[PDB]
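Enquirer:
2 protein chains.
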Amino acid sequence: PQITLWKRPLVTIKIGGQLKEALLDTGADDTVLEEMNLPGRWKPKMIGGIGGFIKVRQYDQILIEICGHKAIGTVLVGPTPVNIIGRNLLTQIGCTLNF
Amino acid sequence: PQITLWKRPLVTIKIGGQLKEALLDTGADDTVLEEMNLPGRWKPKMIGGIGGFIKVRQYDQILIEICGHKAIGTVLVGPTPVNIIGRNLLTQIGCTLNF
Ligand SMILES: CCOP(=O)(COc1ccc(C[C@H](NC(=O)O[C@H]2CO[C@H]3OCC[C@H]32)[C@H](O)CN(CC(C)C)S(=O)(=O)c2ccc([C@H](C)O)cc2)cc1)OCC
Numbered sequence: 001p002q003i004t005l006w007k008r009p010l011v012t013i014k015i016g017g018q019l020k021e022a023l024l025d026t027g028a029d030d031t032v033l034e035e036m037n038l039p040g041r042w043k044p045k046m047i048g049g050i051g052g053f054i055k056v057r058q059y060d061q062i063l064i065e066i067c068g069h070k071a072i073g074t075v076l077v078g079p080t081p082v083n084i085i086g087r088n089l090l091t092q093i094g095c096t097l098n099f
Numbered sequence: 001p002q003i004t005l006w007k008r009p010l011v012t013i014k015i016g017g018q019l020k021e022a023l024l025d026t027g028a029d030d031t032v033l034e035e036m037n038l039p040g041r042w043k044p045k046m047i048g049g050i051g052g053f054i055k056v057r058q059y060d061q062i063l064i065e066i067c068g069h070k071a072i073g074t075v076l077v078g079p080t081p082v083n084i085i086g087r088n089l090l091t092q093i094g095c096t097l098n099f
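Chains as they are written, first to last, in PDB author numbering: chain A, 1 to 99; chain B, 1 to 99.
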């Protein structure tokens with residue numbers, strides 16, 4: 001689909017078998033989701049945003065379906081203010097900016 | 001044009017008579033620019049994201065040119081780590097997400 005930006009580009013995602021809402025975020029290198037339970041191993045990681053750094057849990061090679069498009073990649077889980085889909089997965093679903 | 005997301009969507013902007021590099025950021029409601037001493041009145045504001053909040057100065061009705069496309073709107077100035085073009089201006093240049 002084509003998504004305009006008059007509203008926040010929020011979409012429904014499916015991860016770990018559960019539905020959530022997430023923001024398509026071209027300014028994010030990586031994908032960061034609010035605190036949740038995901039199966040499998042994970043490693044601690046740090047990520048920095050506009051206000052500083054936070055501790056996240058890094059889950060690699062995670063299946064995630066974004067607006068009907070499948071991706072398999074890295075998902076960071078931690079105290080982000082909002083579920084954000086970053087470029088690591090936006091590229092997988094073929095997302096581009098156009099103007 | 002069409003901008004793929006393999007790398008950060010960085011573009012040249014013109015503001016306050018100066019050229020700068022800025023990120024086309026669909027995850028940003030508003031536009032946040034590096035410290036610059038723009039003329040005119042402003043009001044203080046707090047904006048937050050990953051890692052907490054920072055203090056910025058809000059200027060209204062500021063003209064920005066983004067890849068040759070002109071836009072006019074609110075710009076927040078402060079110690080942001082990167083220049084962020086948000087939806088308030090991205091809409092004005094007809095920017096969409098597409099997949
Ligand atoms: C020298 C390098 O600096 P740095 O590493 C941080 O640099 C960056 C800082 C911020 C961004 C943009 C930001 N992206 C990330 O947070 O992405 C995270 C995850 O993926 C990683 O890639 C990039 C960073 C990591 C979002 O797109 C937009 N945000 C909102 C989302 C969170 C809802 S927002 O910015 O908070 C924000 C909030 C309110 C408003 C107005 C008020 O509406 C405008 C903008 C990009 C790079 O230093 C660390 C201290």
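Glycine is no exception: its CB is placed at the ideal position from the N, C-alpha and C atoms.
Three or more beta-carbon pairs under 8 Å between the region 18–35 of chain A and the region 65–83 of chain A, yes or no?
Expert: They touch, by the three-pair rule.
Enquirer: Mind reading off the beta-carbon distance from A/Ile50 to B/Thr80? Whole number of angstroms is fine, and I expect it under 8 Å.
Expert: Indeed, because the Cβ distance is near 6 Å, the residues count as touching under 8 Å.
Enquirer: Is A/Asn98 helix, strand or coil by DSSP?
Expert: DSSP places A/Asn98 in strand when its eight states are reduced to three.
Enquirer: Let me make sure I understand the geometry here. Which of B/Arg8, B/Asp60 and B/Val82 has the alpha-carbon closest to that of B/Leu89?
Expert: That would be B/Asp60, whose Cα lies nearest to the Cα of B/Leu89.
Enquirer: Could you tell me the distance, in whole angstroms, from the CA atom of B/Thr96 to the CA atom of B/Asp29?
Expert: Computed Cα separation, rounded: 14 Å.
Enquirer: Would B/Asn83 and B/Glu35 be called neighbours here (beta carbons separated by less than 7 Å)?
Expert: Result no, Cβ atoms of B/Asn83 and B/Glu35 do not sit closer than 7 Å.
Enquirer: Chain A beta carbons: is any one of them nearer than 7 Å to that of B/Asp60?
Expert: Chain A, which has no Cβ nearer than 7 Å to the Cβ of B/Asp60, makes this no.
Enquirer: Please list, in chain order, the chain A residues whose beta carbon lies closer than 8 Å to that of B/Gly48.
Expert: In chain order: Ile50, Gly51 and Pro81.
Enquirer: Measure from the alpha carbon of A/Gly48 to the alpha carbon of each residue in A/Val56, A/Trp42 and A/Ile93, then state which is nearest.
Expert: Of the candidates A/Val56, A/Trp42 and A/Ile93, the one whose C-alpha sits nearest the C-alpha of A/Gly48 is A/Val56.
Enquirer: According to DSSP, is A/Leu5 helix, strand or coil?
Expert: Here A/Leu5 sits in coil by DSSP.
Enquirer: In the DSSP assignment, find the beta strand (DSSP E) that holds B/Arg57 and state where it starts and stops.
Expert: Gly52 to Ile66 is the span of the beta strand (DSSP E), which, as asked, contains B/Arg57.
Enquirer: Quick one: give me the first and last residue of the alpha helix (DSSP H) that A/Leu90 is part of.
Expert: Run containing A/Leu90: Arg87 to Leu90, per the alpha helix (DSSP H) assignment.
Enquirer: From the beta carbon of B/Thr12, is the nearest beta carbon of chain A less than 7 Å away?
Expert: With 7 Å as the cut-off, B/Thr12 does not count as an interface residue toward chain A.
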